[PDB]
Amino acid sequence: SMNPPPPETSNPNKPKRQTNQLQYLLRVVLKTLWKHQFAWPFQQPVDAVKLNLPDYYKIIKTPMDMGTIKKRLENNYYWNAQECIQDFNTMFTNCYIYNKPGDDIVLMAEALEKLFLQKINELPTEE
Ligand SMILES: Cc1cc(Nc2ccccc2C)n2cnnc2n1
């Protein structure tokens, strides 16, 4: 029923890159999803105490959220775009696994994921 420590967002010994694909993931992908009217439940780690979800972290072992992704992008945490893309997909998948079809939170994730898929379809060529 307790919250775990958050996912890692800083590690000075992890090698980093600044690339046009990662720039796109922040400037287009993250920004598009973040400003959406369904973003709010996804803008920070799931607070299982606040939301009375005592079994959430019993079930979900790789938590992920856009707050974490935002910090990772803004802090240059990643080596490549696929790392970041995986974080988004983990976020959506966690939601789908924990909840039931047609749940409000699932419909919200589905709408964000539709936008996500469109932007990723348009992922720029590597410079
Ligand atoms: C990503 C996510 C969020 C929530 N609940 C929620 C609702 C409103 C505001 C904040 C939060 C964290 N979830 C509830 N069950 N799975 C969930 N997944």
# chains A, B, ... in the order shown; residues from 1 in each chain; ligands from 1
$ residues_near_ligand --ligand "ligand 1" --cutoff "9 Å" --atoms "only C-alpha atoms and all ligand atoms" --output "MDAnalysis selection string"
chainID A and resid 40:48 50:53 56 64:65 91:92 94:99 103:106 109
$ residues_around --residues "residue A:11" --least-positions-apart "5" --cutoff "10 Å" --atoms "only C-alpha atoms" --output "list in words"
residues 16, 75, 76 and 77 of chain A
$ atom_distance --atom1 "atom CA of residue A:7" --atom2 "atom CA of residue A:123"
25.3 Å
$ residues_around --residues "residue A:114" --least-positions-apart "4" --cutoff "12 Å" --atoms "only C-alpha atoms" --output "ChimeraX atom specification"
/A:29,32-33,36,88-89,92,107-110,118-121
$ atom_distance --atom1 "atom CA of residue A:73" --atom2 "atom CA of residue A:30"
8.9 Å
$ closest_residue --among "A:127, A:117, A:25, A:9" --to "residue A:68" --atoms "only C-alpha atoms"
A:9
$ atom_distance --atom1 "atom CA of residue A:82" --atom2 "atom CA of residue A:112"
18.2 Å
$ closest_residue --among "A:113, A:55, A:122, A:8" --to "residue A:90" --atoms "only C-alpha atoms"
A:113
$ select_by_dssp --residues "stretch 36-96 of chain A" --states "helix (DSSP H, G or I)" --output "PDB file with N, CA, C and O atoms, in the first residue's frame"
ATOM      1  N   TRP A  40      -3.625  14.887 -17.095  1.00  0.00           N
ATOM      2  CA  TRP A  40      -3.381  15.083 -15.662  1.00  0.00           C
ATOM      3  C   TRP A  40      -3.112  13.796 -14.839  1.00  0.00           C
ATOM      4  O   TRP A  40      -2.233  13.825 -13.978  1.00  0.00           O
ATOM      5  N   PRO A  41      -3.799  12.663 -15.118  1.00  0.00           N
ATOM      6  CA  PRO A  41      -3.457  11.491 -14.292  1.00  0.00           C
ATOM      7  C   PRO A  41      -2.079  10.901 -14.587  1.00  0.00           C
ATOM      8  O   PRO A  41      -1.613  10.048 -13.812  1.00  0.00           O
ATOM      9  N   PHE A  42      -1.449  11.357 -15.672  1.00  0.00           N
ATOM     10  CA  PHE A  42      -0.198  10.779 -16.163  1.00  0.00           C
ATOM     11  C   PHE A  42       0.994  11.721 -15.979  1.00  0.00           C
ATOM     12  O   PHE A  42       2.098  11.404 -16.409  1.00  0.00           O
ATOM     13  N   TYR A  56      -1.597  -1.471  -6.343  1.00  0.00           N
ATOM     14  CA  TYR A  56      -1.031  -1.018  -7.621  1.00  0.00           C
ATOM     15  C   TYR A  56       0.411  -1.500  -7.817  1.00  0.00           C
ATOM     16  O   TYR A  56       0.741  -2.087  -8.840  1.00  0.00           O
ATOM     17  N   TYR A  57       1.258  -1.288  -6.822  1.00  0.00           N
ATOM     18  CA  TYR A  57       2.666  -1.607  -6.993  1.00  0.00           C
ATOM     19  C   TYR A  57       2.982  -3.072  -6.676  1.00  0.00           C
ATOM     20  O   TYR A  57       4.111  -3.528  -6.884  1.00  0.00           O
ATOM     21  N   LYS A  58       1.966  -3.812  -6.220  1.00  0.00           N
ATOM     22  CA  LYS A  58       2.052  -5.270  -6.108  1.00  0.00           C
ATOM     23  C   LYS A  58       2.000  -5.876  -7.513  1.00  0.00           C
ATOM     24  O   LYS A  58       2.611  -6.914  -7.807  1.00  0.00           O
ATOM     25  N   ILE A  59       1.276  -5.190  -8.387  1.00  0.00           N
ATOM     26  CA  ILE A  59       1.044  -5.640  -9.748  1.00  0.00           C
ATOM     27  C   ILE A  59       1.994  -5.000 -10.758  1.00  0.00           C
ATOM     28  O   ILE A  59       2.538  -5.681 -11.637  1.00  0.00           O
ATOM     29  N   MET A  66       4.495  10.439 -17.319  1.00  0.00           N
ATOM     30  CA  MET A  66       5.042  11.542 -18.108  1.00  0.00           C
ATOM     31  C   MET A  66       5.857  12.547 -17.302  1.00  0.00           C
ATOM     32  O   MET A  66       6.673  13.257 -17.881  1.00  0.00           O
ATOM     33  N   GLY A  67       5.625  12.631 -15.991  1.00  0.00           N
ATOM     34  CA  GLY A  67       6.444  13.485 -15.145  1.00  0.00           C
ATOM     35  C   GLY A  67       7.879  12.995 -15.170  1.00  0.00           C
ATOM     36  O   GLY A  67       8.828  13.768 -15.347  1.00  0.00           O
ATOM     37  N   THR A  68       8.032  11.687 -15.014  1.00  0.00           N
ATOM     38  CA  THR A  68       9.339  11.046 -15.075  1.00  0.00           C
ATOM     39  C   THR A  68       9.982  11.205 -16.452  1.00  0.00           C
ATOM     40  O   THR A  68      11.161  11.530 -16.556  1.00  0.00           O
ATOM     41  N   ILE A  69       9.199  10.989 -17.504  1.00  0.00           N
ATOM     42  CA  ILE A  69       9.703  11.134 -18.861  1.00  0.00           C
ATOM     43  C   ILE A  69      10.143  12.567 -19.118  1.00  0.00           C
ATOM     44  O   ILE A  69      11.191  12.802 -19.717  1.00  0.00           O
ATOM     45  N   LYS A  70       9.342  13.519 -18.650  1.00  0.00           N
ATOM     46  CA  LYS A  70       9.660  14.932 -18.814  1.00  0.00           C
ATOM     47  C   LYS A  70      10.990  15.264 -18.146  1.00  0.00           C
ATOM     48  O   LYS A  70      11.827  15.944 -18.738  1.00  0.00           O
ATOM     49  N   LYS A  71      11.195  14.765 -16.930  1.00  0.00           N
ATOM     50  CA  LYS A  71      12.452  14.991 -16.224  1.00  0.00           C
ATOM     51  C   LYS A  71      13.607  14.343 -16.975  1.00  0.00           C
ATOM     52  O   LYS A  71      14.665  14.942 -17.129  1.00  0.00           O
ATOM     53  N   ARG A  72      13.398  13.135 -17.481  1.00  0.00           N
ATOM     54  CA  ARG A  72      14.457  12.437 -18.203  1.00  0.00           C
ATOM     55  C   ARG A  72      14.860  13.217 -19.460  1.00  0.00           C
ATOM     56  O   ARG A  72      16.049  13.372 -19.745  1.00  0.00           O
ATOM     57  N   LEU A  73      13.880  13.743 -20.189  1.00  0.00           N
ATOM     58  CA  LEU A  73      14.182  14.502 -21.406  1.00  0.00           C
ATOM     59  C   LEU A  73      14.845  15.845 -21.079  1.00  0.00           C
ATOM     60  O   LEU A  73      15.856  16.209 -21.685  1.00  0.00           O
ATOM     61  N   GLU A  74      14.272  16.575 -20.124  1.00  0.00           N
ATOM     62  CA  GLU A  74      14.790  17.894 -19.779  1.00  0.00           C
ATOM     63  C   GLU A  74      16.174  17.805 -19.133  1.00  0.00           C
ATOM     64  O   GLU A  74      16.967  18.745 -19.254  1.00  0.00           O
ATOM     65  N   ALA A  81      16.507   7.589 -28.727  1.00  0.00           N
ATOM     66  CA  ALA A  81      15.067   7.790 -28.768  1.00  0.00           C
ATOM     67  C   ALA A  81      14.294   6.538 -28.369  1.00  0.00           C
ATOM     68  O   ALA A  81      13.225   6.642 -27.770  1.00  0.00           O
ATOM     69  N   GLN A  82      14.814   5.357 -28.691  1.00  0.00           N
ATOM     70  CA  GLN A  82      14.084   4.131 -28.384  1.00  0.00           C
ATOM     71  C   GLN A  82      13.893   3.950 -26.869  1.00  0.00           C
ATOM     72  O   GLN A  82      12.861   3.435 -26.435  1.00  0.00           O
ATOM     73  N   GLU A  83      14.863   4.395 -26.074  1.00  0.00           N
ATOM     74  CA  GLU A  83      14.735   4.370 -24.617  1.00  0.00           C
ATOM     75  C   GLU A  83      13.513   5.129 -24.163  1.00  0.00           C
ATOM     76  O   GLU A  83      12.765   4.671 -23.308  1.00  0.00           O
ATOM     77  N   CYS A  84      13.348   6.323 -24.720  1.00  0.00           N
ATOM     78  CA  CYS A  84      12.256   7.203 -24.344  1.00  0.00           C
ATOM     79  C   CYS A  84      10.917   6.659 -24.854  1.00  0.00           C
ATOM     80  O   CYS A  84       9.926   6.631 -24.114  1.00  0.00           O
ATOM     81  N   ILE A  85      10.904   6.197 -26.102  1.00  0.00           N
ATOM     82  CA  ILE A  85       9.715   5.595 -26.686  1.00  0.00           C
ATOM     83  C   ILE A  85       9.239   4.420 -25.833  1.00  0.00           C
ATOM     84  O   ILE A  85       8.038   4.274 -25.577  1.00  0.00           O
ATOM     85  N   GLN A  86      10.182   3.615 -25.338  1.00  0.00           N
ATOM     86  CA  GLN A  86       9.841   2.503 -24.459  1.00  0.00           C
ATOM     87  C   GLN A  86       9.181   3.006 -23.168  1.00  0.00           C
ATOM     88  O   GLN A  86       8.237   2.385 -22.667  1.00  0.00           O
ATOM     89  N   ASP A  87       9.667   4.119 -22.624  1.00  0.00           N
ATOM     90  CA  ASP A  87       9.069   4.664 -21.405  1.00  0.00           C
ATOM     91  C   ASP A  87       7.591   5.001 -21.631  1.00  0.00           C
ATOM     92  O   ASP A  87       6.746   4.651 -20.811  1.00  0.00           O
ATOM     93  N   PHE A  88       7.271   5.649 -22.753  1.00  0.00           N
ATOM     94  CA  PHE A  88       5.876   5.934 -23.079  1.00  0.00           C
ATOM     95  C   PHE A  88       5.047   4.654 -23.179  1.00  0.00           C
ATOM     96  O   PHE A  88       3.942   4.575 -22.650  1.00  0.00           O
ATOM     97  N   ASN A  89       5.577   3.647 -23.858  1.00  0.00           N
ATOM     98  CA  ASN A  89       4.818   2.422 -24.040  1.00  0.00           C
ATOM     99  C   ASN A  89       4.629   1.662 -22.729  1.00  0.00           C
ATOM    100  O   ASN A  89       3.569   1.078 -22.497  1.00  0.00           O
ATOM    101  N   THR A  90       5.643   1.678 -21.870  1.00  0.00           N
ATOM    102  CA  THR A  90       5.498   1.132 -20.521  1.00  0.00           C
ATOM    103  C   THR A  90       4.374   1.838 -19.756  1.00  0.00           C
ATOM    104  O   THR A  90       3.548   1.180 -19.086  1.00  0.00           O
ATOM    105  N   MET A  91       4.328   3.170 -19.860  1.00  0.00           N
ATOM    106  CA  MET A  91       3.272   3.943 -19.210  1.00  0.00           C
ATOM    107  C   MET A  91       1.880   3.510 -19.653  1.00  0.00           C
ATOM    108  O   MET A  91       1.012   3.247 -18.816  1.00  0.00           O
ATOM    109  N   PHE A  92       1.663   3.410 -20.962  1.00  0.00           N
ATOM    110  CA  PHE A  92       0.354   3.009 -21.469  1.00  0.00           C
ATOM    111  C   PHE A  92       0.038   1.576 -21.033  1.00  0.00           C
ATOM    112  O   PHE A  92      -1.052   1.292 -20.551  1.00  0.00           O
ATOM    113  N   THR A  93       1.008   0.682 -21.199  1.00  0.00           N
ATOM    114  CA  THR A  93       0.806  -0.740 -20.898  1.00  0.00           C
ATOM    115  C   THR A  93       0.457  -0.978 -19.426  1.00  0.00           C
ATOM    116  O   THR A  93      -0.449  -1.757 -19.118  1.00  0.00           O
ATOM    117  N   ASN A  94       1.145  -0.288 -18.520  1.00  0.00           N
ATOM    118  CA  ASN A  94       0.827  -0.382 -17.101  1.00  0.00           C
ATOM    119  C   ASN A  94      -0.645  -0.075 -16.845  1.00  0.00           C
ATOM    120  O   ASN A  94      -1.325  -0.780 -16.098  1.00  0.00           O
ATOM    121  N   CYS A  95      -1.128   0.984 -17.481  1.00  0.00           N
ATOM    122  CA  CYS A  95      -2.513   1.413 -17.335  1.00  0.00           C
ATOM    123  C   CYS A  95      -3.462   0.315 -17.807  1.00  0.00           C
ATOM    124  O   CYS A  95      -4.424  -0.031 -17.118  1.00  0.00           O
ATOM    125  N   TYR A  96      -3.170  -0.246 -18.975  1.00  0.00           N
ATOM    126  CA  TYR A  96      -4.031  -1.265 -19.550  1.00  0.00           C
ATOM    127  C   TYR A  96      -4.027  -2.552 -18.737  1.00  0.00           C
ATOM    128  O   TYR A  96      -5.060  -3.227 -18.636  1.00  0.00           O
TER     129      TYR A  96
END
$ decode --residues "stretch 7-30 of chain A" --atoms "N, CA, C and O atoms" --output "tab-separated table (two decimals), in the first residue's frame"
chain	number	residue	atom	x	y	z
A	7	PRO	N	10.92	6.20	-10.35
A	7	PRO	CA	11.95	5.75	-11.28
A	7	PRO	C	13.11	6.73	-11.31
A	7	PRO	O	12.95	7.90	-10.97
A	8	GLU	N	14.28	6.24	-11.70
A	8	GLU	CA	15.48	7.07	-11.80
A	8	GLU	C	15.34	8.14	-12.89
A	8	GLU	O	14.86	7.85	-13.98
A	9	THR	N	15.75	9.36	-12.57
A	9	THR	CA	15.72	10.47	-13.52
A	9	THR	C	17.06	11.19	-13.64
A	9	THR	O	17.25	12.08	-14.48
A	10	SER	N	18.00	10.79	-12.79
A	10	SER	CA	19.35	11.34	-12.80
A	10	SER	C	20.35	10.24	-12.54
A	10	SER	O	20.20	9.48	-11.59
A	11	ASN	N	21.38	10.17	-13.37
A	11	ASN	CA	22.52	9.28	-13.11
A	11	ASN	C	23.74	9.79	-13.85
A	11	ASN	O	23.89	9.54	-15.04
A	12	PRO	N	24.62	10.50	-13.14
A	12	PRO	CA	25.77	11.11	-13.81
A	12	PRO	C	26.70	10.12	-14.50
A	12	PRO	O	27.45	10.55	-15.37
A	13	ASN	N	26.66	8.84	-14.13
A	13	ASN	CA	27.52	7.85	-14.77
A	13	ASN	C	26.88	7.16	-15.96
A	13	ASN	O	27.54	6.35	-16.62
A	14	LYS	N	25.61	7.45	-16.25
A	14	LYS	CA	24.96	6.93	-17.44
A	14	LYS	C	25.31	7.84	-18.62
A	14	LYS	O	25.12	9.05	-18.53
A	15	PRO	N	25.84	7.27	-19.72
A	15	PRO	CA	26.23	8.15	-20.83
A	15	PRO	C	25.00	8.71	-21.54
A	15	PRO	O	23.96	8.05	-21.59
A	16	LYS	N	25.15	9.91	-22.08
A	16	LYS	CA	24.01	10.70	-22.58
A	16	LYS	C	24.27	11.19	-23.99
A	16	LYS	O	25.42	11.37	-24.37
A	17	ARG	N	23.20	11.45	-24.74
A	17	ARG	CA	23.33	12.15	-26.02
A	17	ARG	C	22.25	13.21	-26.16
A	17	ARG	O	21.16	13.10	-25.58
A	18	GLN	N	22.57	14.26	-26.91
A	18	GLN	CA	21.58	15.22	-27.38
A	18	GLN	C	21.46	15.05	-28.89
A	18	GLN	O	22.43	15.26	-29.62
A	19	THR	N	20.28	14.63	-29.35
A	19	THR	CA	20.09	14.26	-30.75
A	19	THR	C	18.79	14.85	-31.28
A	19	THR	O	17.91	15.21	-30.50
A	20	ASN	N	18.66	14.95	-32.60
A	20	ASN	CA	17.45	15.54	-33.14
A	20	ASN	C	16.22	14.67	-32.82
A	20	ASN	O	15.13	15.20	-32.61
A	21	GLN	N	16.39	13.36	-32.72
A	21	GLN	CA	15.24	12.50	-32.39
A	21	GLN	C	14.78	12.70	-30.95
A	21	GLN	O	13.57	12.76	-30.67
A	22	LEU	N	15.73	12.79	-30.03
A	22	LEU	CA	15.39	13.08	-28.65
A	22	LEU	C	14.81	14.48	-28.49
A	22	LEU	O	13.90	14.69	-27.68
A	23	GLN	N	15.31	15.44	-29.27
A	23	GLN	CA	14.76	16.79	-29.23
A	23	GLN	C	13.29	16.75	-29.66
A	23	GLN	O	12.44	17.41	-29.06
A	24	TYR	N	13.01	15.96	-30.69
A	24	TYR	CA	11.64	15.79	-31.17
A	24	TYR	C	10.73	15.16	-30.11
A	24	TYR	O	9.57	15.54	-29.94
A	25	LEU	N	11.28	14.18	-29.39
A	25	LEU	CA	10.50	13.52	-28.35
A	25	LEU	C	10.08	14.47	-27.24
A	25	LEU	O	9.05	14.27	-26.62
A	26	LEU	N	10.89	15.50	-26.99
A	26	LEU	CA	10.53	16.52	-26.00
A	26	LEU	C	9.63	17.59	-26.60
A	26	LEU	O	8.53	17.86	-26.09
A	27	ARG	N	10.09	18.19	-27.69
A	27	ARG	CA	9.45	19.36	-28.28
A	27	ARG	C	8.12	19.05	-28.97
A	27	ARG	O	7.23	19.90	-29.02
A	28	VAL	N	7.98	17.83	-29.50
A	28	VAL	CA	6.74	17.44	-30.17
A	28	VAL	C	5.96	16.38	-29.39
A	28	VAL	O	4.79	16.57	-29.08
A	29	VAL	N	6.60	15.26	-29.05
A	29	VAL	CA	5.84	14.16	-28.48
A	29	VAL	C	5.39	14.46	-27.04
A	29	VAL	O	4.19	14.46	-26.74
A	30	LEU	N	6.34	14.74	-26.15
A	30	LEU	CA	5.98	15.05	-24.77
A	30	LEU	C	5.08	16.27	-24.70
A	30	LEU	O	4.05	16.24	-24.03
